[PDB]
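Next up, model12.cif (mmCIF, C-alpha atoms):
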```cif
data_upload
#
loop_
_atom_site.label_atom_id
_atom_site.label_comp_id
_atom_site.auth_asym_id
_atom_site.auth_seq_id
_atom_site.Cartn_x
_atom_site.Cartn_y
_atom_site.Cartn_z
CA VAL A 1 118.12 292.10 213.98
CA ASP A 2 121.70 291.25 215.05
CA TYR A 3 122.82 289.47 218.26
CA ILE A 4 126.02 289.54 220.30
CA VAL A 5 127.52 286.34 221.74
CA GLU A 6 127.90 286.49 225.53
CA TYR A 7 128.69 282.83 226.28
CA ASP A 8 130.57 280.26 224.23
CA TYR A 9 128.46 277.52 222.64
CA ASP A 10 129.60 274.46 220.68
CA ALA A 11 127.41 272.86 217.98
CA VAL A 12 126.07 269.38 218.70
CA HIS A 13 124.47 268.97 215.25
CA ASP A 14 125.64 270.22 211.83
CA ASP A 15 122.77 272.75 211.75
CA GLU A 16 123.74 274.59 214.95
CA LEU A 17 126.40 277.31 215.11
CA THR A 18 129.63 277.17 217.11
CA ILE A 19 129.80 280.71 218.49
CA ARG A 20 132.26 282.64 220.71
CA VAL A 21 132.00 285.48 223.26
CA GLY A 22 132.02 288.83 221.41
CA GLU A 23 130.96 287.57 217.98
CA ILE A 24 128.04 289.26 216.21
CA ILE A 25 125.43 287.00 214.61
CA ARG A 26 123.61 288.71 211.69
CA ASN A 27 120.05 288.69 210.40
CA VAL A 28 118.69 286.73 213.34
CA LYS A 29 115.24 285.11 213.30
CA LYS A 30 113.24 283.55 216.15
CA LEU A 31 112.21 279.91 215.46
CA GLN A 32 109.39 277.49 216.48
CA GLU A 33 111.84 275.43 218.55
CA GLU A 34 111.55 277.43 221.77
CA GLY A 35 114.86 278.83 223.07
CA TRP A 36 116.45 278.70 219.58
CA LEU A 37 117.40 281.33 217.03
CA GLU A 38 118.77 281.32 213.51
CA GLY A 39 121.30 283.72 212.07
CA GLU A 40 124.52 284.08 210.14
CA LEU A 41 128.09 283.81 211.46
CA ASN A 42 131.22 284.01 209.20
CA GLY A 43 129.04 283.42 206.13
CA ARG A 44 127.18 280.37 207.52
CA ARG A 45 123.56 280.20 208.75
CA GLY A 46 122.57 277.90 211.60
CA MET A 47 120.78 277.75 214.93
CA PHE A 48 122.04 278.70 218.41
CA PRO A 49 120.47 278.89 221.90
CA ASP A 50 118.94 282.30 222.76
CA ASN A 51 120.31 282.62 226.29
CA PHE A 52 123.93 282.54 225.09
CA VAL A 53 123.31 285.74 223.19
CA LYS A 54 121.82 289.21 223.53
CA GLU A 55 119.87 291.25 220.97
CA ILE A 56 121.69 294.39 219.84
CA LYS A 57 119.35 297.42 220.21
CA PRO B 1 115.11 266.59 219.96
CA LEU B 2 116.87 269.79 221.01
CA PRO B 3 117.37 270.74 224.65
CA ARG B 4 117.95 274.29 225.83
CA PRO B 5 121.68 274.34 226.63
CA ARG B 6 122.52 275.83 230.00
CA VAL B 7 124.71 278.86 230.70
#
```
Using structure tokens, write down the structure that the file contains.
Amino acid sequence: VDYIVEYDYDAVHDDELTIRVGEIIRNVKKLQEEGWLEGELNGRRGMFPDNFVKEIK
Amino acid sequence: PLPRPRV
């Protein structure tokens, strides 16, 4: 599944993604850490908060 | 830990 960024988010650790409104995050997986997702943006994989994004359907 | 950042 892919997700679309709806709200800007800045990474606070090196394993999170810095993401921007309109960007598509690819190959997105739900994680054990509740409220967090993992996917790929501009070649890099990291985690980002799920309420900044919306699942493309 | 990781919070759940707020919109």
What are the residues of chain A that have an atom within 9 Å of an atom of chain B, counting all atoms listed in the file, as a PDB file with C-alpha atoms, in the coordinates of the input?
```pdb
ATOM      1  CA  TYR A   7     128.690 282.830 226.280  1.00  0.00           C
ATOM      2  CA  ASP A   8     130.570 280.260 224.230  1.00  0.00           C
ATOM      3  CA  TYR A   9     128.460 277.520 222.640  1.00  0.00           C
ATOM      4  CA  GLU A  33     111.840 275.430 218.550  1.00  0.00           C
ATOM      5  CA  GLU A  34     111.550 277.430 221.770  1.00  0.00           C
ATOM      6  CA  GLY A  35     114.860 278.830 223.070  1.00  0.00           C
ATOM      7  CA  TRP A  36     116.450 278.700 219.580  1.00  0.00           C
ATOM      8  CA  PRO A  49     120.470 278.890 221.900  1.00  0.00           C
ATOM      9  CA  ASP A  50     118.940 282.300 222.760  1.00  0.00           C
ATOM     10  CA  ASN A  51     120.310 282.620 226.290  1.00  0.00           C
ATOM     11  CA  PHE A  52     123.930 282.540 225.090  1.00  0.00           C
TER      12      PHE A  52
END
```
Hey, can you pull every residue with an atom no more than 10 Å from (132.3, 285.0, 222.8), using only C-alpha atoms, and send it as a list in words?
residues 4, 5, 6, 7, 8, 9, 19, 20, 21, 22, 23, 24, 52 and 53 of chain A
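Between atom CA of residue A:57 and atom CA of residue A:42 the interatomic distance comes to 21.0 Å.
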So how far away is atom CA of residue A:3 from atom CA of residue A:25, in Å?
5.1 Å
Rank A:56, A:40, A:48, A:29 by their smallest atom-to-atom distance to residue A:10, using only C-alpha atoms, and report the top residue only.
A:48
Give me chain B with N, CA, C and O atoms filled in, as a compact mmCIF listing (two decimals), in the frame of the given file.
```txt
# COMPACT_ATOMS: atom_id res chain seq x y z
N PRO B 1 115.60 265.26 219.62
CA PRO B 1 115.11 266.59 219.96
C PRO B 1 116.25 267.53 220.34
O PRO B 1 117.41 267.11 220.38
N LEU B 2 115.89 268.78 220.61
CA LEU B 2 116.87 269.79 221.01
C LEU B 2 116.56 270.29 222.41
O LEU B 2 115.46 270.78 222.67
N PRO B 3 117.53 270.16 223.32
CA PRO B 3 117.37 270.74 224.65
C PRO B 3 117.54 272.25 224.60
O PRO B 3 117.53 272.85 223.53
N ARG B 4 117.67 272.87 225.76
CA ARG B 4 117.95 274.29 225.83
C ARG B 4 119.21 274.46 226.66
O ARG B 4 119.15 274.59 227.88
N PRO B 5 120.38 274.44 225.99
CA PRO B 5 121.68 274.34 226.63
C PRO B 5 121.76 275.33 227.78
O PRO B 5 121.14 276.38 227.72
N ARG B 6 122.51 274.99 228.81
CA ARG B 6 122.52 275.83 230.00
C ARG B 6 123.78 276.69 230.12
O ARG B 6 124.90 276.22 229.91
N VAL B 7 123.58 277.97 230.44
CA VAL B 7 124.71 278.86 230.70
C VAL B 7 125.60 278.29 231.80
O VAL B 7 125.13 277.58 232.70
```
